[PDB]
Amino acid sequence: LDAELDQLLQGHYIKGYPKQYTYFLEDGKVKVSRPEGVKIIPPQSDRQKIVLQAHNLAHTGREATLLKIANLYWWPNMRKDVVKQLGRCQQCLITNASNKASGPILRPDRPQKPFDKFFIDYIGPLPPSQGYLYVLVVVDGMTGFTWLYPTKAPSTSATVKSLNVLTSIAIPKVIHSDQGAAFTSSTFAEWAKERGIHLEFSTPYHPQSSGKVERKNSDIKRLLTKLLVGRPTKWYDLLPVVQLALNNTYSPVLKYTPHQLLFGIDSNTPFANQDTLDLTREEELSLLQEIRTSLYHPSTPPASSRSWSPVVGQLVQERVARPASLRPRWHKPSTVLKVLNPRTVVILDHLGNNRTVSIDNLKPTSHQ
């Protein structure tokens, strides 16, 4: 734009150029004496190349890129042009980190009854014990009651064998699990269909979604650690002991053990509660139905100062699951198809695939 700069040298006002400054020609280029010093005003036709040259030195953000440009040049609304280049640099978009936290977590309602929802997951590989390396952990969502099964692999076959033993007691409505190979297999889907069980899956690479069982994995490992202090790590024979110990452990916030929430009465274990001795089983089951409905339920915490919440049409980027060395931590921008809830979304990547992801594995694409 040498035409725009021509009228400027003559002396007549152009929108964006303050009239209180002296615009002149020197060394075959339009200059301006500004407080900082004399800066070159490049024609609008040259600005894109300049912004890109400054940015490309170290692939810098807004201020660091602008500070280089401002060393030699001046033009109206420089940062508007800097931001246009930042938002078009694929290398920055996929490599840079986010500076916006996810919105506050959801505290899903506790399943209403025992057997409504199971949370299943694997622990391992553990030091070998009797040829076993893994533990299948099954947590009832309402009660917190856990079943432990030692396995040689986190496989469909080992899950099915264990679950056929457990489901002898009762069949659950839903089985929630992560996207581990053992649970996503067609053999496992077939095993569940065959029994009227609905398979619910966590968003990928988000163990918080399986929080109920993950949290129990900590308690299991903590108790096995304590019991194995100054002894070889022979955990296999301790799984039954740990299962019974944890199922009969009080949750200080609930003031009930998972066994009490499941049966409404303690079995012949140490320090069994005797408070319902004079009640009939029906009276006892009536008190249990009341206890199960009045359990403490946490509420979503406050949003942080700089959190983001997904919006349909928004450009977001999924996090690379296992990024290789010196490779981007983010995928190319995706579009938000549906906002399932403020923490879960359906996205469409550049391939055209529909993915249900957690916002913890997403960043909103910067500079719109």
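Don't overthink the numbering: it's just position in the shown sequence, from 1. Take the two forms, find the largest set of C-alpha atoms that superpose within 1.5 Å, and that set is the rigid core.
- The stretch that strays farther, by root mean square C-alpha distance over structures and residues in 8 other deposited structures of this protein after a rigid core fit, is 344-352, when 344-352 is set against 15-23.
- Once the C-alpha B-factors are averaged per stretch, 273-281 and 113-121 rank with 273-281 first.
- When the mean C-alpha temperature factors of 282-290 and 218-226 are read from the deposited coordinates, 282-290 comes out higher.
- Per the deposited coordinates, the residue with the largest Cα temperature factor out of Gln208, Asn77, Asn96, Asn247 is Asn77.
- Sort the chain's modelled residues by C-alpha temperature factor and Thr365 lands in the middle third, per the entry.
- Split the chain's modelled residues into thirds by C-alpha temperature factor. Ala64 is in the lowest one.
- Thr233 sits in the highest third of its chain by CA B factor, as recorded in the PDB entry.
- When the modelled residues of the chain are ordered by their C-alpha B factor, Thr146 lands in the lowest third.
- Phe201 sits in the lowest third of its chain by CA B factor, as recorded in the PDB entry.
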